[PDB]
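This report concerns only the one structure given below.
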Amino acid sequence: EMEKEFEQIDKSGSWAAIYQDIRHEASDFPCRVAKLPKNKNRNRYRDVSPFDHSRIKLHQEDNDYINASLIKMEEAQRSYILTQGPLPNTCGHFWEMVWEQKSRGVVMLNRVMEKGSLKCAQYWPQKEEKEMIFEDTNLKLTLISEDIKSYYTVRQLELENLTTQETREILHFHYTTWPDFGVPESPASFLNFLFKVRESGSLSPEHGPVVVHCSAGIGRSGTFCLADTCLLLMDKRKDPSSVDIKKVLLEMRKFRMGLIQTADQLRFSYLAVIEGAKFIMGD
Ligand SMILES: [Mg+2]
């Protein structure tokens, strides 16, 4: 069981040590498309790049590049797209990816401004009557409704392909209370948010993969996917304590580098999975 594993690491304060073994053992694959000079302004951070083998391609002839990775968890029957927070010049590419991949939900785990700097472009409309048009990709985005809660906001958006005049409804799930420094003190509001995403149908296989992002698309975003997949595998398996968080995380790191950025985030992920196990074992 991992509940016991948690107490050992915490008793000996050896989280930084666990985290380093994960770093040394993580996969490394080429990211040649990301490092081409023509793509330098499509990357928010120089050291965070999608692997070539799992990167999402835009259906543009000119330049198909977006900093986004497909994470495929075969046993759990879950797929996720992890991406960076859009930049002023990639908002249109972001929504084009959502359209092309048939995603139903976008999960945002950061605020537009944190620590006094901009972490993400404001890529969705703030008022019903002021829609946004992305001229480069021929997409129109309208805010339909907005439900603000204490720890998160859910928005219904309408995405219209101006070329085909088709429209889809997209749900935007915005976790607004992640602290500027460190990790939340309790996983309760995080787990509540995760179960609301689940309940919406956005993670379900009838739809394209959910789009998940924070600023770099690896830290908070990694925590979200790791917790979801681990909890799903506990539902599925004959022996729920056969789920090894560390193994699951290394499998996900084959698809995008750097998932889980700090030892603090690793500890938090254990905590969320352990607490979430209470509700998945029928309570
Ligand atoms: Mg108003």
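Along the chain as shown, the residues are counted starting at 1.
According to its header, the structure was obtained by X-ray crystallography, 1.9 Å.
Any Cβ shown, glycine's included, is placed from N, Cα and C.
Among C31, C214, the residue that Swiss-Prot annotates as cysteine sulfinic acid (-SO2H) is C214. As annotated in Swiss-Prot, phosphoserine applies, among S54, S242, to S242. Per Swiss-Prot, the residue annotated phosphotyrosine among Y65, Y80, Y151, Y175 is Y65. Site annotation (Swiss-Prot): substrate is bound by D180, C214, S215, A216, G217, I218, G219, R220, and the candidate from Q126, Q156, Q261 recorded at this site is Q261. When the Cα atoms are compared, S49 (phosphoserine) and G217 (substrate binding site) turn out to be 10 Å apart.
Local packing around the Cβ, expressed as the count of other Cβ atoms within 10 angstroms, is greatest for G217 among the binding-site residues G217, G219. The DSSP secondary structure for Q261 (substrate binding site) is coil.
Taking CA atoms as the reference points, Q261 (substrate binding site) and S241 (phosphoserine) are 25 Å apart. The two recorded residues, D180 (substrate binding site) and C214 (S-nitrosocysteine), have Cα atoms 12 Å apart.
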